[PDB]
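Read through the structure below, which is laid out as structure tokens, and then see the notes.
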Amino acid sequence: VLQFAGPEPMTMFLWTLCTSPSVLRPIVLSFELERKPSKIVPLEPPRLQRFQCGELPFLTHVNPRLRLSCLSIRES
Amino acid sequence: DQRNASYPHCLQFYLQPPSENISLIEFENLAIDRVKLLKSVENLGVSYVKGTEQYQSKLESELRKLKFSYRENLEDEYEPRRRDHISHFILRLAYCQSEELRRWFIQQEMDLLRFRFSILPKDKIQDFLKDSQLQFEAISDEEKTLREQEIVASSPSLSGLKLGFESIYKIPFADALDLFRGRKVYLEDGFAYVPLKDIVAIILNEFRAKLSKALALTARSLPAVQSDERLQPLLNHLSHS
Amino acid sequence: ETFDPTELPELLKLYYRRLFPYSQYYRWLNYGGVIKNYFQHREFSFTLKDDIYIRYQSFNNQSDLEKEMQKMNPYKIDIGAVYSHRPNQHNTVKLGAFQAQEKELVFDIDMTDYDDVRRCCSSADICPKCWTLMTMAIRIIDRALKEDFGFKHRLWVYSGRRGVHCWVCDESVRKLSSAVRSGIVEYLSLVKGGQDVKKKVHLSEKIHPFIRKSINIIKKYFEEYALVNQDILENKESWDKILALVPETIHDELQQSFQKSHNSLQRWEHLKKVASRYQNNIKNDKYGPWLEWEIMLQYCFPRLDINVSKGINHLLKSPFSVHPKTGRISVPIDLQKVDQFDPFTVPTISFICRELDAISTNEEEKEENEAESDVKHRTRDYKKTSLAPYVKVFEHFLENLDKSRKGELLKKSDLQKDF
Amino acid sequence: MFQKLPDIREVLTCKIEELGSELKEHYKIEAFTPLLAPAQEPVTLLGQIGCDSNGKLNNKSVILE
Amino acid sequence: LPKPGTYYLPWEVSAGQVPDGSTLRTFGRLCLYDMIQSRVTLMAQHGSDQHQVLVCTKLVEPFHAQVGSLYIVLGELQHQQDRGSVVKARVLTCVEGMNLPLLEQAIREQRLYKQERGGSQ
Amino acid sequence: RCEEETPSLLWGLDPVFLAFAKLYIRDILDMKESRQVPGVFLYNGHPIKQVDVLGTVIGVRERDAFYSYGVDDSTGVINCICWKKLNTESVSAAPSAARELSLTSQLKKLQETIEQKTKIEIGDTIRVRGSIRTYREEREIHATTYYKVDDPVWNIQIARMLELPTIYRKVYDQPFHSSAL
């Protein structure tokens, strides 16, 4: 189990692979929305975060992230 | 008579490239033989002083042992001259990568040509000069007497009013660098006046150096096409043997 | 007047704005445009304020060059060699394909190569007594390069403090390789040896014509400069150090003769007589038969630097610069009047700025209601100041170069037989 | 016993080009459209008849090269 | 920083529609390599006519030259007194098997979009 | 009328804010910086923070701490600073068991592959992703990830050039987000 972000030769190899440009590559993804169409629970208001670009933090209203599910992954 | 026409003289400027087909084994053997001859020439030059008798005798023995062309015989000299030509071209192909290798190759070739020229008869020198592209100019006797004192004072291997029975040549000052460097020639309005022996030796050496440098630079553009699977181990081994 | 370096920036700005001859500079550095992209490849290297060094600089045309010097106001300007690509874009070419091709042959002469021969000044100072050294050096080098070699166009530039440069800007000279330049420098040298060697000149029995003519040139200046002004035989230490270059068998005789002698002229005559007498007894001796000529060569011959001329990508100070310490102008030297050239009379930047101010004040009442371009204003400004004869000499040299180019073009047309 | 692929490619290309040029000159055709260029009008193409499989030729597996 | 290399079809370069000093990127098929003077000649066949582009390659040697292969040349155009126009190559890459009609279609699409965007000003 | 920029509070509502935008290099050089927050630019009202470019390397410059490259996209030339990752405290290999030895060999192979992938010279094709910055009155991209594209037939650049106008028309040439409709 590895938790790169969020709240041993094998570990080092996996860590190196997960950050090399061999994985971070352009792909073609066929996805399906995780929240099923039948489900109904719209209750999400916009959040507020503190992005800082020029050593000058500012506040913006951000939308909740999009959750997907994979069905097929192909190279290109 | 293709045999004598192809190789009429022991001395060469290596202008015409070879055009026949040879086996791989002879190719490798010629390359190895010429690199050994070059190393032997360098060692003999460093150990002894250029000239003398022991140095030239050992050089002659080395040339004879490696079945090359050094002397002048009327019968059966096609093979040594052909081997010298092909081996020199192969070594030129193999020695065109870096500046240091080019400088070393040019130095050794110049020394070998100087020796072969020093062991040549006079009429053979004149014929060899005619055969190659060089053309020289001889000043008139009136000019010779007009500038006798200056030439004798410069003393280009001339002592005691030895200007008589000699031909003085007129050449641009950019070609007599060896003599021009250390005040051994009389310079006037952009031309150098040189006696016969010094002019032939030094000017032939300098012209050969310039031509060989230009041709090696031209051949440097070639090995980008030498992707042949053969000749590659030979070139790699010979580069850093 | 004493130069105050704290006033340098304003005078520098005014000089680069109004008095610097951009037109003649671009005319010289272009060579008529016979070859495409010649000035676009010339490499400059400026030194900004507070010792900031930047090289690999190039410009597209005269206006860009004017704008760049006006904006940056450099303290020093240098000229490099012509490359195969624009120097400011030297990283956009595969390594090994960016090499210097052409540069005019140059020479350098300095005081610091005479501190052990001269005594009138101290260290890095100059007095009207020691400028005869540069006069003789100029004459010797110019005669050699004009007769022995045959180089037509030459420019002699006062370095500003203590030296003179020589810009040989012919057509076939620019294409010479490094080996030929090193050969030339070796051909033009006699004083050879390190610091630990006392006798730095060795003359053989046979005398080269170049050395003979140099000696004949030296003799016209040697007496007044050496015996009268320098007084190289005044004290015990003087002839003691001179005695280091004479045969060891006549030390006591020469010392006794010098004690008998009174002035420097008498000592020189006694030395000449002693050398002449000893020359008849020379039989396989280390010392040659030319002691007097060897002494003259050691005490008067110029010494050149091989590093300045051997390289093909070297840098030298450009003409019409400003010395950061004294504040003079690298003015061209006229060859016809090289004897009358007084280094202390070279106009300073402050003096020419004051003259420009006076000229503007006069123009406030003499030249009014004229809507002329800035080019004509700068032309008048540098014409009416003390800088006029030097730009005239520069123009004469440029005219000679233009005549040579026209003659070469005419010869080429004659070869083509088309008119 | 010495063959290289570029030589074979050159020989095949030269044969195809020469025969096609002769045919075009005899039949008075204007130009040959490139194979991969799409168009909505009739076009004249030149090529070599081949098979995409290792088996025998048939009326369903013909490819023009 | 060098000027950008805009695309130009060979029959536009060979027709003198490019001003002097402009930076261009073209394509063609190699035909010759004169090693003595380091000059390369390219043609591209348009319809039934052949147009030539000359490329001076003094800044890219050493070089492996294949006769009959497509090439893409990026450099600056210079007009000469007698040799017409020659491109001083800075980067000369070998591409073989490129779908040329697709490339021309993409070039025309890019030009059309640039014209459309520039039509609002 | 001077078009007032979008308020700095509603910037996050745009989907383009958090995505690596595909833009022409000429556009990257021509967009106007936003006064509210430096380092974030505007294109047709869209607050763009990161970019994605692909082009041909025309110049390589190296310093002690970073690389420099010039990416040419046939529309303009921009610099691309690529920082150097310090290899401090390198992993020490040990003669462990056979499976662990195979794992270490595979790790070394992966390291060699990465080092080969990150080697760039003049004339290659490079893909650069990062954020725009201004330094000494010059606009340049501080690359986050970058690698050398192996494109021997010129299909990737053709696809990019065919695709960019469509994405422009369908996304970037659109008015604004939907903030409280």
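A note on labels: chains of the structure tokens are A, B, ... as shown, every chain counts residues from 1, and ligands are counted from 1 in their shown order.
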Given a cut-off of 9 Å, which residues of chain E touch chain B, counting only C-alpha atoms, written out as a CSV table (one decimal) with N, CA, C and O atoms, in the first residue's frame?
```
chain,number,residue,atom,x,y,z
E,35,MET,N,30.0,17.4,-52.0
E,35,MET,CA,30.7,17.5,-50.7
E,35,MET,C,31.8,18.5,-50.8
E,35,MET,O,32.2,19.1,-49.7
E,36,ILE,N,32.3,18.9,-52.0
E,36,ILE,CA,33.3,19.9,-52.1
E,36,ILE,C,32.9,21.2,-51.6
E,36,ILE,O,33.5,21.9,-50.8
E,61,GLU,N,27.2,19.8,-41.0
E,61,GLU,CA,28.2,18.7,-41.2
E,61,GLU,C,28.8,18.3,-39.8
E,61,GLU,O,29.0,19.1,-38.9
E,62,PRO,N,29.1,17.0,-39.7
E,62,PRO,CA,29.1,15.9,-40.7
E,62,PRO,C,27.6,15.4,-41.0
E,62,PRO,O,26.7,15.8,-40.2
E,63,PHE,N,27.4,14.7,-42.1
E,63,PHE,CA,26.1,14.5,-42.5
E,63,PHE,C,26.0,13.1,-43.2
E,63,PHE,O,26.9,12.7,-43.9
E,64,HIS,N,24.9,12.4,-43.0
E,64,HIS,CA,24.6,11.1,-43.6
E,64,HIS,C,23.5,11.4,-44.6
E,64,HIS,O,22.3,11.6,-44.3
E,65,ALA,N,23.8,11.4,-45.9
E,65,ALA,CA,22.9,11.8,-47.0
E,65,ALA,C,22.3,10.6,-47.7
E,65,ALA,O,23.1,9.7,-48.1
```
All alpha helix (DSSP H) positions in region 6-59 of chain D, as a list in words: residues 6, 7, 8, 9, 10, 11, 12, 13, 14, 15, 16, 17, 18, 19, 20, 21, 22, 23, 24, 25, 26 and 27 of chain D
Give me, as an NGL selection string, all polymer residues having an atom no more than 9 Å from residue 11 (chain B), counting only C-alpha atoms and skipping those fewer than 6 positions away in the same chain. :B and (69-70 or 113 or 116-117 or 120 or 128)
Output N, CA, C and O atoms for every residue in that selection, as an mmCIF file, in the first residue's frame.
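So the final result, stored in selection05.cif, reads:
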```cif
data_model
loop_
_atom_site.group_PDB
_atom_site.id
_atom_site.type_symbol
_atom_site.label_atom_id
_atom_site.label_comp_id
_atom_site.auth_asym_id
_atom_site.auth_seq_id
_atom_site.Cartn_x
_atom_site.Cartn_y
_atom_site.Cartn_z
ATOM 1 N N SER B 69 57.758 0.742 -50.853
ATOM 2 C CA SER B 69 58.540 1.326 -51.937
ATOM 3 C C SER B 69 59.384 2.468 -51.392
ATOM 4 O O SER B 69 58.842 3.487 -50.949
ATOM 5 N N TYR B 70 60.697 2.298 -51.426
ATOM 6 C CA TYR B 70 61.626 3.332 -50.983
ATOM 7 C C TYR B 70 62.692 3.663 -52.015
ATOM 8 O O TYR B 70 63.072 4.830 -52.143
ATOM 9 N N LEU B 113 57.922 11.638 -46.350
ATOM 10 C CA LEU B 113 58.126 12.249 -47.659
ATOM 11 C C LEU B 113 59.463 12.970 -47.724
ATOM 12 O O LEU B 113 60.140 12.939 -48.757
ATOM 13 N N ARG B 116 62.136 10.223 -48.254
ATOM 14 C CA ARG B 116 62.070 9.698 -49.615
ATOM 15 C C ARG B 116 62.555 10.718 -50.636
ATOM 16 O O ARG B 116 63.137 10.343 -51.660
ATOM 17 N N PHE B 117 62.319 12.006 -50.381
ATOM 18 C CA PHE B 117 62.825 13.045 -51.269
ATOM 19 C C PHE B 117 64.332 13.206 -51.126
ATOM 20 O O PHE B 117 65.033 13.452 -52.113
ATOM 21 N N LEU B 120 66.601 10.891 -53.312
ATOM 22 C CA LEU B 120 66.253 10.879 -54.730
ATOM 23 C C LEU B 120 67.326 11.551 -55.589
ATOM 24 O O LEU B 120 67.934 12.539 -55.162
ATOM 25 N N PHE B 128 59.880 14.435 -61.007
ATOM 26 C CA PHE B 128 58.804 14.356 -60.026
ATOM 27 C C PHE B 128 58.105 15.698 -59.862
ATOM 28 O O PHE B 128 56.877 15.753 -59.728
#
```
Please determine the contact residues of chain B with respect to chain C at a cut-off of 10 Å, counting only C-alpha atoms, and supply them as an MDAnalysis selection string. chainID B and resid 149:155 173:192
Need the shell around residue 163 (chain C): protein/DNA/RNA residues with any atom at most 8 Å away, counting only C-alpha atoms. Skip same-chain ones fewer than 2 positions apart. Format as a VMD selection string? chain C and resid 108 to 111 134 158 to 161 165
Go ahead and write the selection's residues with N, CA and C atoms as a short mmCIF file (atom, residue, chain, number, x, y, z; two decimals), in the first residue's frame.
```
data_model
loop_
_atom_site.label_atom_id
_atom_site.label_comp_id
_atom_site.auth_asym_id
_atom_site.auth_seq_id
_atom_site.Cartn_x
_atom_site.Cartn_y
_atom_site.Cartn_z
N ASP C 108 51.42 45.21 -30.65
CA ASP C 108 51.35 45.91 -29.38
C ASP C 108 52.76 46.25 -28.89
N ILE C 109 52.92 47.48 -28.41
CA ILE C 109 54.17 47.95 -27.83
C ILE C 109 53.82 48.71 -26.55
N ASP C 110 54.65 48.56 -25.52
CA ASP C 110 54.32 49.14 -24.22
C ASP C 110 55.59 49.58 -23.50
N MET C 111 55.41 50.51 -22.56
CA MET C 111 56.51 50.97 -21.71
C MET C 111 57.05 49.84 -20.84
N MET C 134 59.40 54.88 -28.63
CA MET C 134 58.26 54.56 -29.48
C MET C 134 58.43 55.13 -30.89
N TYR C 158 47.46 55.59 -31.09
CA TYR C 158 47.96 55.82 -29.74
C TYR C 158 47.06 55.10 -28.74
N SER C 159 47.66 54.24 -27.91
CA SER C 159 46.88 53.41 -27.00
C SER C 159 46.19 54.23 -25.92
N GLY C 160 46.64 55.46 -25.68
CA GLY C 160 46.01 56.31 -24.69
C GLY C 160 46.92 56.69 -23.55
N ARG C 161 47.71 55.73 -23.06
CA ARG C 161 48.63 56.00 -21.96
C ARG C 161 50.09 55.83 -22.35
N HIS C 165 49.31 50.95 -31.12
CA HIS C 165 48.85 49.76 -31.82
C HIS C 165 49.05 49.93 -33.32
#
```
Identify, on the basis of only C-alpha atoms, every residue whose closest approach to region 29-43 of chain A does not exceed 6 Å; exclude the query and any residue fewer than 3 positions from it along the same chain; express the result as a list in words.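 Returned residues: residues 67, 68, 69, 70, 71, 72 and 73 of chain A.
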